[PDB]
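First comes the structure, then the notes that go with it.
FYI, side chains are in, hydrogens and waters are out, and symmetry mates aren't considered; it's all heavy atoms of this structure. First listed ligand is number 1; within each ligand, the first listed atom is number 1. Below, chains carry the letters A, B, ... as their sequence lines are ordered, and counting in each starts from 1.
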There are 2 protein chains.
Amino acid sequence: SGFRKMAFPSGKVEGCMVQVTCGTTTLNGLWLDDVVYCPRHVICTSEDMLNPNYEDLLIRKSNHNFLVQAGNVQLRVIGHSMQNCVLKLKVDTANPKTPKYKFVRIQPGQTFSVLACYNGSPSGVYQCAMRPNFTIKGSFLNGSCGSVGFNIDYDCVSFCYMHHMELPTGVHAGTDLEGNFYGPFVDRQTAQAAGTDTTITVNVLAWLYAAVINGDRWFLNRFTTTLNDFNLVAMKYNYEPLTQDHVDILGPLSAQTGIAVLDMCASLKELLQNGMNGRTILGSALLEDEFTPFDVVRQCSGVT
Amino acid sequence: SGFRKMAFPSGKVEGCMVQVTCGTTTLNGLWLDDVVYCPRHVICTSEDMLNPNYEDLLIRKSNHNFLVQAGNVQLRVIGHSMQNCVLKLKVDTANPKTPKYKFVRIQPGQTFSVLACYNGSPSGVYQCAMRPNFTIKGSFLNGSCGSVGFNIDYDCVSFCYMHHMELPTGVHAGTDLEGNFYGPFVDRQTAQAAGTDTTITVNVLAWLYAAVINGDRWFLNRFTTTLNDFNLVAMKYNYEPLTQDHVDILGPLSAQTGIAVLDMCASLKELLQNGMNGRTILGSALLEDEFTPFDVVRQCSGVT
Ligand SMILES: CS(=O)(=O)NCCN1CCCc2ccc(S(N)(=O)=O)cc21
Ligand SMILES: CS(=O)(=O)NCCN1CCCc2ccc(S(N)(=O)=O)cc21
């Protein structure tokens with residue numbers, strides 16, 4: 001028992017991290033097969049980042065200007081192309097440590113592990129959620145760009161995120177591995193508004209199920225509710241509206257605990273309206289929304 | 001910016017995880033050089049765990065009874081010995097993925113990453129603290145025994161923990177890599193009292209410094225205190241007494257922020273006495289104690 005914010009083991013991704021230097025800028029790259037993927041802003045200087053013309057900037061760069069270093073060995077760049085906001089550097093060597101992988105674009109509310117890197121070197125791993133407003137609340141300092149987010153299913157690594165920037169609000173923005181930003185963000189040093197963020201309701205309910213499984217049951221009450229009545233309360237507290245699809249995904253947890261989804265919603269409604277009264281749930285004094293129903297099932301059953 | 005409960009990249013430890021089977025019991029082992037380390041309770045059956053005589057139980061076991069499997073290849077066991085609560089299985093092959101490593105016995109209050117494993121396979125990684133009462137609040141299900149805790153300094157993995165058991169209270173107990181339990185715990189299926197746990201005061205102060213560095217400054221006040229006055233309050237709220245050694249370790253954070261340690265203590269005193277008034281610090285509604293002053297410095301400076 002016990003419930004932790006667990007990240008995936010990062011080994012398969014560590015073997016893909018490289019350092020990419022272009023001019024005076026150095027960030028992280030992802031080496032899969034014979035391609036190195038990195039944020040296209042590696043070609044910008046401090047003057048450029050304010051209003052960069054990436055097409056014009058990339059034209060002044062040749063294969064020999066992209067310095068890709070894997071650990072201590074230098075990779076030979078034989079091709080360069082820009083796909084949306086990522087650069088794809090074709091190298092002459094396939095990464096011998098390339099795991100089985102997919103590029104996937106996650107949905108808001110889904111979770112993933114981030115391997116924070118600097119100079120192509122991994123420093124730490126943590127689990128986070130793609131916020132409903134398409135930002136992530138990570139831990140990224142200068143040089144962390146090109147650090148990636150992923151999920152692991154047995155031997156397959158699904159890369160879902162590449163870090164590009166920190167907004168003036170301190171939240172983080174990035175792209176999928178095809179270089180498409182999550183959200184309305186652009187790779188430009190300009191003030192950018194992240195949408196109104198909401199709490200991922202289905203994840204909070206999944207976490208309440210995880211709490212019941214582990215013994216924290218004080219919040220369970222003698223009440224029930226309807227999807228419509230629950231959503232009136234969810235709207236008032238800036239929670240994502242619960243849909244029947246969310247109820248269906250909570251099915252296995254509802255089955256395991258014997259607590260109907262709408263009964264769990266009534267507990268959540270009471271917690272939203274009354275607060276925690278100084279108590280904690282799974283060692284937390286707030287309602288946790290960065291565990292999906294799949295995370296709860298995996299953790300609560302020991303999926304390796 | 002941003003502050004996350006970051007674990008070390010687990011790759012160097014993933015390459016050391018093996019499955020160890022003895023009779024009908026299977027748990028995790030740690031393969032370093034030509035030795036596989038695992039909990040000695042791998043030799044117990046369900047009857048044995050209540051009052052095991054490990055010396056007598058191990059005598060009925062020969063090298064051929066310990067089944068050690070690394071991924072998909074079987075290891076040949078050529079020696080077996082018990083050192084405190086761990087078994088050391090000498091294998092005929094040195095692990096080609098053995099990183100530079102040390103066995104270290106951590107102090108209470110220190111942090112480490114845990115690579116939770118099942119059947120020798122890594123499922124997730126998380127950061128935790130060795131509680132002042134020598135327990136850890138982990139996430140461990142049946143089969144997780146033999147999962148290890150570690151710290152990483154550049155290329156050196158310092159193994160500090162091996163999981164052995166869950167107490168009836170749901171907290172976790174284990175040993176250092178020499179098989180010595182942290183705390184008063186024994187590897188016996190009997191009710192065992194963990195001491196009164198206290199909050200790691202120096203870690204809370206380190207985390208308040210991390211908050212100031214990231215912009216959460218609402219808790220800073222116009223007050224100061226003394227070590228003696230602070231400790232009167234720390235005792236009332238079951239916080240570890242702050243020593244000059246703790247003040248000295250907070251030195252770099254105090255220097256970076258320009259907030260004297262005793263001034264930070266006055267803020268903490270006010271938070272202990274008034275609560276958070278519904279506010280959060282670094283996205284947390286309680287005082288976090290699982291970040292050491294070294295963790296804060298490393299994270300806030302990007303140490304890889
Ligand atoms: C952190 S730095 O010295 O400004 N380097 C350039 C970062 N830089 C490139 C990537 C795009 C981007 C977007 C926003 C912003 S910010 N935080 O609003 O100034 C900076 C930015
Ligand atoms: C989890 S199990 O089916 O009881 N397997 C034996 C575990 N088992 C071996 C390791 C030592 C130990 C210590 C305490 C306890 S408990 N939680 O108090 O029963 C069980 C225990």
Original post:
Does NZ belonging to A:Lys90 count more than 12 external heavy atoms closer than 6.0 Å?
Top reply: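 Not more than 12 within 6.0 Å, no.
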
**OP:** Around atom 19 (O) of ligand 2, find the nearest protein heavy atom and jot down its residue, atom name and distance.
**Re:**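 In this structure, atom 19 (O) of ligand 2 has B:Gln189 CG, 3.2 Å as its nearest protein heavy atom.
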
Original post:
How far is atom 1 (C) of ligand 2 from its nearest protein heavy atom, and which residue and atom is that?
Top reply: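 So the nearest neighbour among protein heavy atoms is B:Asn142 OD1, 3.5 Å.
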
Original post:
Is a side-chain N or O of B:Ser123 found less than 3.5 angstrom from the main chain of B:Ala116, in a donor-acceptor match?
Top reply: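 Yes, B:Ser123 side chain to B:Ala116 backbone: donor-acceptor pair under 3.5 Å.
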
Original post:
Within 45° of the six-membered ring axis of B:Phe66 and under 6.0 Å from that ring's centre, is NZ or CZ of B:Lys61 located there?
Top reply: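 Negative - B:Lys61 is either too far from the ring of B:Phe66 or too far off its axis.
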
**OP:** Examine A:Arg4 relative to B:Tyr126 and say whether NZ or CZ is less than 6.0 Å from the centre of the six-membered ring and inside a 45° cone about the ring axis.
**Re:**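 Output no; distance or angle outside limits.
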
Proximal ligand 1 atoms for [X], defined as those under 4.0 Å from one of its heavy atoms:
| X | value |
| --- | --- |
| A:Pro168 | 18 (O) |
| A:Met165 | 10 (C), 11 (C), 12 (C), 13 (C) |
| A:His41 | 10 (C) |

Subject >> Per-atom contact, atom 7 (C) of ligand 2, protein heavy atoms, under 4.0 angstrom >> reply: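 No, no protein heavy atom sits under 4.0 Å from atom 7 (C) of ligand 2.
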
**OP:** Ignoring hydrogens, tell whether any protein atom lies closer than 4.0 Å to atom 4 (O) of ligand 2; use the non-hydrogen atoms only.
**Re:**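 There is a protein heavy atom less than 4.0 Å from atom 4 (O) of ligand 2.
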
Original post:
Has ligand 2 got any nitrogen or oxygen that is less than 3.5 angstrom from a nitrogen or oxygen of B:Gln192?
Top reply: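 No, there is no polar N/O contact under 3.5 Å.
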
Subject >> N or O pair under 3.5 Å between A:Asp187 and ligand 1 >> reply: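 It does not: no N or O of A:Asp187 is found under 3.5 Å from an N or O of ligand 1.
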
**OP:** Run through A:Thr175, A:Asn180, A:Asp187 and flag the one making a side chain to side chain contact (heavy atoms under 4.5 Å, CB included) with A:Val86.
**Re:**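 With A:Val86 as partner, A:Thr175, A:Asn180, A:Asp187 yield a single side chain to side chain contact (heavy atoms under 4.5 Å, CB included), made by A:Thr175.
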
**OP:** Could you verify whether a donor N or O on one side chain and an acceptor N or O on the other, from B:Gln19 and B:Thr26, lie under 3.5 Å apart?
**Re:**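 B:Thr26 and B:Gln19 do not have a side-chain donor-acceptor pair below 3.5 Å.
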
**OP:** Decide, yes or no, whether a salt bridge links B:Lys88 with B:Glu178 under the criterion of side-chain N to carboxylate O below 4.0 Å.
**Re:**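 No, B:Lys88 and B:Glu178 are not salt-bridged.
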
Original post:
Heavy atoms only: which of B:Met49, B:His163, B:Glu166 is nearest to atom 10 (C) of ligand 2?
Top reply: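 Selected option, by shortest heavy-atom distance: B:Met49.
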
